[PDB]
Amino acid sequence: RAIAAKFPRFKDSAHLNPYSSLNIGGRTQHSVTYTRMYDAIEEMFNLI
Amino acid sequence: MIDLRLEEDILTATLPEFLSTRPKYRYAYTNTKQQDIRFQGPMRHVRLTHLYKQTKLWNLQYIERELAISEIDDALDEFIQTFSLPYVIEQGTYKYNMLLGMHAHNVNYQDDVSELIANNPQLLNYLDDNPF
Amino acid sequence: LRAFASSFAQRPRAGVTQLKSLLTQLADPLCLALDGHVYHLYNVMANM
Amino acid sequence: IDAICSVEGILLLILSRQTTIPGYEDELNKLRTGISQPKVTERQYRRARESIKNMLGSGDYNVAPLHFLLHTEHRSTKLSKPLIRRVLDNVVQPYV
Amino acid sequence: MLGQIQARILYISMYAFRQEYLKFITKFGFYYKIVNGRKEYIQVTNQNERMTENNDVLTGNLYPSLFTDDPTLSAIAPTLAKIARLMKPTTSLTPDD
Amino acid sequence: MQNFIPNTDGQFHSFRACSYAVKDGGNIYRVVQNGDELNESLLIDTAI
Amino acid sequence: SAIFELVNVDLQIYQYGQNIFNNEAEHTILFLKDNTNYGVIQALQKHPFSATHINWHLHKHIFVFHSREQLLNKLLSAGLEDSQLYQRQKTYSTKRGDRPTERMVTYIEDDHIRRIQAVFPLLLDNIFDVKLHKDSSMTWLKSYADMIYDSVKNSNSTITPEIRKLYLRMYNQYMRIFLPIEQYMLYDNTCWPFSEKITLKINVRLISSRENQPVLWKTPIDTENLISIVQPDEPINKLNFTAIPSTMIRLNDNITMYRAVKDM
């Protein structure tokens with residue numbers, strides 16, 4: 627959608643959405659980032 | 001190296017192959033201290049995403065020593081009952097194309113076409129030619 | 675209804691038939707007034 | 819409950835041309851020659867029902883639940899030729 | 530209210546017992562239906578799907594999982610059957626002459 | 723006399739609550755579940 | 133007898149299947165208060181899912197199921213068993229027991245279940261690899277039970293033609309048990325007073341595969357009749373067809389060049 631309006635972009639550019647969705651086909655799974663955060667905390671406190 | 005896509009073309013009516021006895025692998029071990037485990041057969045598209053943590057498969061690639069053999073076996077068995085793919089069987093013969101499926105599982109349903117899959121996984125099935 | 679029974683089965687399907695009955699019961703007297711009174715009006719207007 | 823059922827029945831008798839009784843069948847075609855089906859609809863049906871209700875009563879009670887029943891009419895209760903059946907995902911089954 | 534019961538059970542166990550819950554959700558899935566005389570399961574494709582809270586379960590051919598006999602339930606994931614078993618009534622069906 | 727529709731049949735395993743209804747020429751009235759109002763959904767609470 | 137004279141209630145007990153760690157009663161047997169036949173018909177009228185054998189034990193037990201489609205599988209299993217029993221009876225190799233027949237009776241006026249139970253006593257010849265090669269067998273039964281209405285209702289069939297009358301009887305009675313000419317010689321008097329020496333079996337002899345090992349055909353050259361290639365309006369036929377994968381039955385290119393070591 628960026629290029630299709632002839633904005634200035636390097637042809638075939640990209641980006642990194644840091645997050646995920648919450649509406650995969652209209653079912654709302656549980657926001658995976660929560661898991662990626664929770665296991666991190668868990669591992670770190672186990673280590674400490 | 002590249003385009004090892006070999007038209008494996010498994011058949012939809014046999015995707016319950018999953019419960020295979022620890023799908024054949026290839027172990028190796030050298031002084032690089034790697035623990036390399038190649039995957040033989042139709043399973044070179046599976047990528048242990050940031051899921052599967054705390055599964056045995058992860059915690060073994062920290063074992064510094066030489067890797068025992070039975071560990072590979074029972075850990076693979078413990079892993080295979082977690083892994084899954086989307087499919088639907090219907091009347092007639094159909095091939096599965098085994099690629100978009102593995103992919104939309106390889107990345108856990110985050111790119112647009114995965115929405116076309118998770119919501120309706122018949123489009124993965126296809127007849128004689130042109131799975132796309 | 676057949677559409678519901680395809681994608682979303684974990685959802686309830688009583689309201690659909692409920693308002694099916696509602697819509698029919700509400701459309702009866704409307705169409706009554708339509709074919710019983712307007713028809714003649716359209717004949718007249720068609721001869722204007 | 820027998821009282822409300824009999825009310826509904828008798829009212830079902832003088833409407834809904836598609837039902838007779840085992841016998842006469844003609845003085846019905848003498849009686850119901852005043853309704854002029856199918857100009858009849860809800861607004862009329864409820865008037866019939868409540869007018870029948872307000873002419874019963876000579877010792878029988880039929881008041882409080884009967885009030886609550888003349889109360890609930892927001893679902894288009896027309897009821898011509900009822901049949902009890904089973905229901906599988908709102909697909910009526912035939913009588914086994 | 531099996532829908533509610535199962536929903537809350539599963540939402541609470543979602544991280545305390547991840548291994549068991551994961552294996553369970555991918556083998557059985559939290560819904561199942563009978564087809565001819567036998568019953569099969571409709572598993573979950575995506576790894577994590579927050580099961581809907583309310584659902585039109587008990588009326589019609591869509592049974593709730595986590596409540597089948599199926600001792601495989603016990604084998605695959607303990608600490609879950611070890612709960613579901615604690616709930617089934619198991620008294621009688623005495624008729625009423 | 724009041725209680726005739728049984729509430730359960732033992733196992734929460736193959737129960738499938740009653741499915742009788744009346745058909746009235748297209749229109750359908752179930753007996754166990756009808757999203758029409760005047761049937762207050764009960765708010766029971768564990769706290770008992 | 134003492135019990136029933138003392139209590140006067142029907143007695144119901146369950147059967148909890150194999151694999152001990154299961155507790156759900158897949159069905160329930162039920163004993164009657166009056167071992168006579170009239171009581172059997174009576175109690176069978178109610179209890180909306182029921183069946184009973186023909187063995188004398190009939191007088192003492194009726195069955196009660198759970199669902200509509202839990203009957204089907206039990207009836208089909210009992211039918212396979214009756215096939216085996218009819219066979220082993222044919223050669224007078226009857227084991228140290230009883231129960232002339234295995235089939236069931238029921239009062240479910242279900243088109244499907246009645247179709248099955250009617251078409252069944254005409255296919256009591258073949259052997260159905262019971263549980264050793266279990267298979268589409270029951271599905272095939274249901275299909276062939278369906279693929280007769282296209283024949284017994286329409287004309288232009290292999291009805292030849294009397295099978296109509298016989299099949300219509302079998303489908304319309306529900307009370308008689310139809311025994312081929314052999315079994316009737318054994319079913320004496322003490323069961324359902326509703327039976328008949330059926331005969332005129334339908335001629336379909338089907339083969340049975342061996343263990344998983346495959347099958348080979350030896351397409352012939354001698355015959356007496358022919359079969360048509362593509363519809364009698366057109367030249368060349370083209371069956372544009374699918375193919376098998378290689379993860380299925382593989383391809384060996386290894387040419388066996390040696391028997392015992394001398395050949396080297």
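These protein sequence lines map, in sequence, to chains A, B, C, D, E, F and G. The first sequence lines up with residues 627 to 674 when you count with PDB author numbering. The second sequence lines up with residues 1 to 132 when you count with PDB author numbering. The third sequence lines up with residues 675 to 722 when you count with PDB author numbering. The fourth sequence lines up with residues 819 to 914 when you count with PDB author numbering. The fifth sequence lines up with residues 530 to 626 when you count with PDB author numbering. The sixth sequence lines up with residues 723 to 770 when you count with PDB author numbering. The seventh sequence lines up with residues 133 to 396 when you count with PDB author numbering. We treat Cβ as the ideally placed atom computed from N, Cα and C, and that holds for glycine.
Any C-beta of chain B under 8 Å from that of residue i
i: E/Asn575; result: yes
i: A/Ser646; result: yes
i: E/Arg614; result: no
i: G/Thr271; result: no
i: A/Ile650; result: yes
Contact with chain F by residue i, beta-carbon distance below 8 Å
i: C/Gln684; result: no
i: C/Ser695; result: yes
i: D/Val910; result: yes
i: E/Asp626; result: no
i: D/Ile828; result: no
i: E/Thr623; result: no
Rounded Cβ spacing between residue i and residue j (contact assumed at less than 8 Å)
i: G/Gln147; j: G/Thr160; result: 7 Å
i: G/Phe163; j: G/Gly211; result: Not really, about 25 Å apart at Cβ, beyond 8 Å.
i: G/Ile194; j: G/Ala175; result: 6 Å
i: G/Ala277; j: G/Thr238; result: That belief does not hold up - the Cβ atoms of G/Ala277 and G/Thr238 are roughly 15 Å apart, past 8 Å.
i: G/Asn187; j: G/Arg231; result: 4 Å
i: B/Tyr126; j: B/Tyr94; result: 6 Å
Contact with chain G by residue i, beta-carbon distance below 8 Å
i: B/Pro23; result: no
i: E/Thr619; result: yes
i: B/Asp3; result: no
i: B/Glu78; result: no
Per DSSP, cross-strand counterpart(s) of residue i
i: E/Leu622; result: Answer by DSSP bridge pairing: none, since E/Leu622 is not bridged.
i: G/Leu143; result: G/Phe163
i: F/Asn749; result: F/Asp746
i: D/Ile902; result: F/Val744
i: G/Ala183; result: G/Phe195
i: G/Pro312; result: G/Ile330
i: B/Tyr25; result: B/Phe39
i: B/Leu11; result: B/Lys95
i: E/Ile563; result: E/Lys568
i: G/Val336; result: Beta-bridge pairing links G/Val336 to no other residue.
Option nearest residue i by Cα separation, candidates the options
i: E/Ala610; options: E/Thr620, E/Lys562, E/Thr597, E/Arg537; result: E/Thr597
i: C/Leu696; options: F/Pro728, F/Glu759, F/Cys740, F/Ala739; result: F/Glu759
i: D/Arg867; options: D/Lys857, D/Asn847, D/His885; result: D/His885
i: D/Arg893; options: F/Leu765, F/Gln733, F/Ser736, F/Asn749; result: F/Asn749
i: B/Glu66; options: B/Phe79, B/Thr32, B/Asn108, B/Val46; result: B/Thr32
i: E/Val586; options: F/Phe726, F/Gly732, F/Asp731, F/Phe737; result: F/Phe737
i: G/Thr226; options: G/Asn205, G/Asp214, G/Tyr281; result: G/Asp214
i: E/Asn590; options: D/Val905, D/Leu829, D/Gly841, D/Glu860; result: D/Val905
i: G/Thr379; options: B/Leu15, B/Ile69, B/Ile2; result: B/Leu15
i: G/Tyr224; options: G/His191, G/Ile387, G/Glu314; result: G/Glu314
Proximity test, Cβ basis, 8 Å: residue i and chain E
i: C/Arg687; result: yes
i: G/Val141; result: yes
i: A/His656; result: yes
i: B/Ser84; result: yes
i: F/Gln755; result: yes
i: B/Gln81; result: yes
i: F/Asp731; result: yes
Short CB-CB distance (under 8 Å) between residue i and chain A
i: B/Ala118; result: yes
i: E/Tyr544; result: yes
beta-carbon residue i near the ligand NAD non-hydrogen atom, thresh 7 Å
i: D/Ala866; result: Of the ligands one can find in the structure shown there are none, so the ligand NAD has no counterpart to examine.
Minimum Cβ-Cβ distance from residue i to chain D less than 8 Å
i: F/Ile750; result: yes
i: C/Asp702; result: yes
Within-8 Å CB hit, residue i to chain H
i: D/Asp907; result: The question asks about chain H, but that chain is absent: this structure's protein chains are A, B, C, D, E, F and G.
Residue-chain proximity (residue i, chain C), Cβ-Cβ < 8 Å
i: E/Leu591; result: yes
i: D/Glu860; result: yes
Using a Cβ-Cβ cut-off of less than 7 Å, list which residues of the region 192-212 of chain G approach chain E; keep chain order. Contact annotation: in the region 192-212 of chain G, residues whose CB is within less than 7 Å of a CB in chain E are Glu201, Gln202, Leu204, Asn205.
Contact list for the region 550-580 of chain E against chain A, Cβ threshold 7 Å: Listed by position, the residues of the region 550-580 of chain E near chain A (Cβ gap below 7 Å) are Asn575, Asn577, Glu578, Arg579.
With 9 Å as the C-beta to C-beta threshold (strictly closer), list the residues of the region 42-59 of chain B near chain A in chain order. From the region 42-59 of chain B, only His50, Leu51, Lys53, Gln54 have a Cβ closer than 9 Å to chain A.
If contact means a Cβ-Cβ distance below 7 Å, which residues of the region 91-120 of chain B contact chain G? From the region 91-120 of chain B, only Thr93 have a Cβ closer than 7 Å to chain G.
What are the residues in the region 153-187 of chain G lying within 7 Å of chain F by C-beta distance? Answer in chain order: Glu156.
Check each residue of the region 360-390 of chain G: if its Cβ is closer than 9 Å to any Cβ of chain B, include it; give the result in chain order. For chain B, the residues of the region 360-390 of chain G that bring a beta carbon within less than 9 Å of one of its beta carbons are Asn372, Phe373, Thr374, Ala375, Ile376, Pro377, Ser378, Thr379, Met380, in chain order.
Give the residues from the region 872-903 of chain D that approach chain F closer than 8 Å (Cβ to any Cβ), ordered along the chain. The residues in question are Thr890, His892, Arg893, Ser894, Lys896, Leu897, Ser898, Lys899, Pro900, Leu901, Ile902, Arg903.
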